[PDB]
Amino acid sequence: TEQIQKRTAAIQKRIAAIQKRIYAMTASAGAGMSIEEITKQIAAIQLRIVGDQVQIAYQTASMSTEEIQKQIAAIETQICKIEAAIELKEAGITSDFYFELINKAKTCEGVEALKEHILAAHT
């Protein structure tokens, strides 16, 4: 589909918005989800995007379209997890249990449902 580039472009804008939000947060709290780890996770996803673009480029005339979709979906879920972690921290969540619950989600919708549950019942 033509929408592989749009989701990849959308991922980039989301990453940029996360970096800005972190930069502001530091200027005046989880397990595997502290400010330090999030920055490394972001940089790793960016290397992974370039890597898979190079894989697709050389695979032709040398990862099916299904596998590309799965990898884009996995990157989106991870971005969704990172965003929910920043929100939990801003809402006062300090217990690693809730951050680890988020990291067990399979989809962005699961992340959303879990994050909504924690904000509604565990804040």
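Residue numbers here begin at 1 and follow the sequence given.
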As the entry stands, the deposited residues without coordinates between residue 62 and residue 63 add up to 4 to 9
Stretch with higher mean Cα temperature factor, 65-73 vs 45-53, is 65-73
Mean B factor on CA atoms, stretches 97-105 and 8-16, record says higher is 8-16
The largest CA temperature factor among 38, 29, 88, 79 is found at 29
